[PDB]
Each structure stands twice: as structure tokens, then as C-alpha cells.
Amino acid sequence: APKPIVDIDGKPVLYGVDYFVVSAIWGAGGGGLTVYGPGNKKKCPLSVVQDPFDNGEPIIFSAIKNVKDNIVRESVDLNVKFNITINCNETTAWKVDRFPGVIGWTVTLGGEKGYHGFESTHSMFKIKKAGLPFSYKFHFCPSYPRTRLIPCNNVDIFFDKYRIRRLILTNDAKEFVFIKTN
Ligand SMILES: *[C@@H]1O[C@H](CO)[C@@H](O)[C@H](O)[C@H]1NC(C)=O
């Protein structure tokens, strides 16, 4: 069985609980994760973005397959959602889709929970161990049947026209740690 994902406190990461996913670097490399709009006067939709400093918002993973002990493990497809209140017309769940004013594939909101058919597989991400102490990365390669349209790849950050930090799929990858919210 894939080694378990661990929070900064060395305790296992679980489904159903709030975490902050924060840059694994201290005193640098940005803060944790939030959402944000086009930067165009346009308010919506929201894309997942890294806060330059603060821990950002609480995040909840949820299993694609029932997990007995409820522990998040390496390289397993899972859903991510922010636990928060948003003003847009979409769910808080993460997915990969195109985003306005951003070239490529952006991690945005409006994702699906569970697997049913292809579309749902855009909301499946895997976490995998990374280089730095306590670090993990988000990798996208759903293990469920999907179309060829979205390339398997790592998530990193991108500074777009407005100097905002988007999440996108790209060769390189960002290294985060998980911190229990409470
Ligand atoms: C999500 O946030 C609410 C408060 O808005 C809180 O009551 C709850 O504990 C959090 N987590 C889950 C899993 O609902």
C-alpha cells in the first residue's frame, strides 16, 4: 500500500478534514491556496491561486474510492475542494479546464465530486512526495477513463498578465505541505 500523506506535524492526512496546502518554503515561495477571478473587471469564474503570504483557505480532500481508515495516500486519485463561501455560479471543487486570459490548462473551480464518465475525471488529482522536507506535489493523470484532451502533468504556479499566481499543469511542479486547520 502507498505510503500515507503526512501533515507538517507528522500525523497522516485524512479525507473529510480541513487542511491548508502551503508553500513548503518558509520566509519565501508564497503562502497557501485560495481562489480568484480573471483580474478583468469580470468577477467570475474563479481559478485556484496561491496567496503570496497567508496560509489561504481550508481545503478538503475526498476519496474517489471508499478508504477504510480514511487516510489519504500517495498517487491515489482524489477530489479537492475549498471549504468556503464563494459568490460565483460554480462549486468550490477543483478541476482542470481552460481559464480566461490564461494560456494552457488552469486549475479552476467548478469541479465534480466522484467519478462518473470522463468529465468527472478532470476533478481527480494525485498527490506525490516531493524533494523538500514534508513536501508533496499535485500531479494530474486520472486513473479513470477520460478523453485525450487534457495532458497528464504536474501543477506549478504561473504569473499571468496581472501578476497573479495561477495554478496550471506544466512540466515543473510546486511543492506544498499540509497543515491541519485546527
Ligand atoms: C468547513 O467549514 C465549516 C465552517 O464554515 C466548519 O464547520 C467545518 O468544520 C469545516 N469542515 C468540514 C469538513 O465541513
Side-chain angles (χ1 to χ4, degrees), residues 1-2 4-10 12-24 26 29-35 46-51 54-64 67 69-84 86 91-97 105-112 114-116 119-128 130-136 138-146 150 152-157 167-170 172-181:
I5 310 288
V6 303
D7 66 11
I8 203 61
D9 281 280
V13 164
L14 319 167
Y15 306 112
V17 296
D18 275 12
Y19 286 102
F20 298 119
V21 181
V22 171
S23 99
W26 206 107
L33 298 185
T34 332
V35 295
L46 303 187
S47 96
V48 178
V49 299
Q50 184 196 11
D51 192 285
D54 184 47
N55 279 345
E57 300 305 341
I59 280 177
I60 303 161
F61 316 102
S62 42
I64 258 76
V67 178
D69 54 27
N70 284 266
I71 315 175
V72 187
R73 291 166 176 276
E74 305 205 1
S75 282
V76 176
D77 289 312
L78 44 64
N79 309 114
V80 196
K81 39 105 75 153
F82 284 111
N83 167 14
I84 81 191
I86 88 177
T91 55
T92 53
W94 292 11
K95 74 170 179 172
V96 186
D97 191 20
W105 300 98
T106 293
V107 180
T108 84
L109 284 66
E112 288 197 5
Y115 158 85
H116 20 259
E119 267 305 307
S120 64
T121 74
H122 299 184
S123 293
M124 296 169 173
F125 312 76
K126 306 194 160 53
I127 310 176
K128 313 175 172 254
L132 277 29
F134 298 95
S135 343
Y136 287 78
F138 287 113
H139 181 65
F140 178 87
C141 209
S143 261
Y144 295 78
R146 63 187 190 99
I150 307 178
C152 284
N153 237 337
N154 298 315
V155 183
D156 221 343
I157 284 81
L167 274 66
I168 72 175
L169 308 191
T170 185
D172 274 341
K174 188 74 184 192
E175 306 190 18
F176 302 91
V177 296
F178 308 98
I179 310 188
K180 210 141 180 169
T181 211

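For reference, positions follow the sequence shown, starting with 1.
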Please find out if less than 6.0 Å separates the ring center of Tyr136 from that of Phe176. no
Salt bridge between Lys180 and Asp7, side-chain N to carboxylate O under 4.0 Å? no
Which residues satisfy the side chain to side chain donor-acceptor pair (under 3.5 Å) test with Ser47, sequence neighbours excluded?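 Applying side chain to side chain donor-acceptor pair (under 3.5 Å) to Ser47 gives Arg166.
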What pairs with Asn83 under side chain to side chain donor-acceptor pair (under 3.5 Å), at least two apart in sequence or on another chain?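 Applying side chain to side chain donor-acceptor pair (under 3.5 Å) to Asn83 gives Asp18.
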For the student: nearest non-hydrogen atoms of [X] and [Y], plus distance:
X	Y	value
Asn55	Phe20	O-CD2, 3.8 Å
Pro142	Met124	CB-SD, 3.8 Å
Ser123	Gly111	OG-CA, 3.0 Å
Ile150	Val96	CD1-O, 3.4 Å
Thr34	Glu57	CG2-CG, 3.6 Å
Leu132	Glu175	N-OE1, 3.0 Å

Testing the 3.5 Å rule here: is there a donor-acceptor pair between the side chains of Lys128 and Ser75? yes
Do the rings of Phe61 and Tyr19 sit parallel, tilted or perpendicular, given the 30° and 60° boundaries?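 Tilted: the ring planes of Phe61 and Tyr19 meet at 30° to 60°.
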What class does the angle between the rings of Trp94 and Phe138 fall in, given that below 30° is parallel, 30 to 60° is tilted and above 60° is perpendicular?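 Rings of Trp94 and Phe138: perpendicular, over 60°.
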Check whether any side-chain heavy atom of [X] sits under 4.5 Å from a side-chain heavy atom of [Y], and report yes or no.
X	Y	value
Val48	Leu109	yes
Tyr15	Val67	yes
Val155	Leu169	yes
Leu33	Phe82	yes

Distance from [X] atom [atom1] to [Y] atom [atom2], nearest 0.5 Å?
X	Y	atom1	atom2	answer
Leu14	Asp69	CG	CG	8.0 Å
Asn154	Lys174	CG	NZ	13.5 Å
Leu167	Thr108	CG	OG1	11.0 Å
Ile157	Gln50	CD1	CD	4.5 Å

Can any side-chain N or O of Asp77 pair as donor or acceptor with the backbone N or O of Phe125 at less than 3.5 Å?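 No, the answer is negative, given that no donor and acceptor are paired below the 3.5 Å cut-off.
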Backbone N/O of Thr121 and side chain of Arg146: donor-acceptor pair under 3.5 Å: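 Side chain of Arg146 to backbone of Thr121: no pair is present.
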Test salt bridge (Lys or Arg N to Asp or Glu O under 4.0 Å) applied to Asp97 - qualifying residues, sequence neighbours left out: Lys95
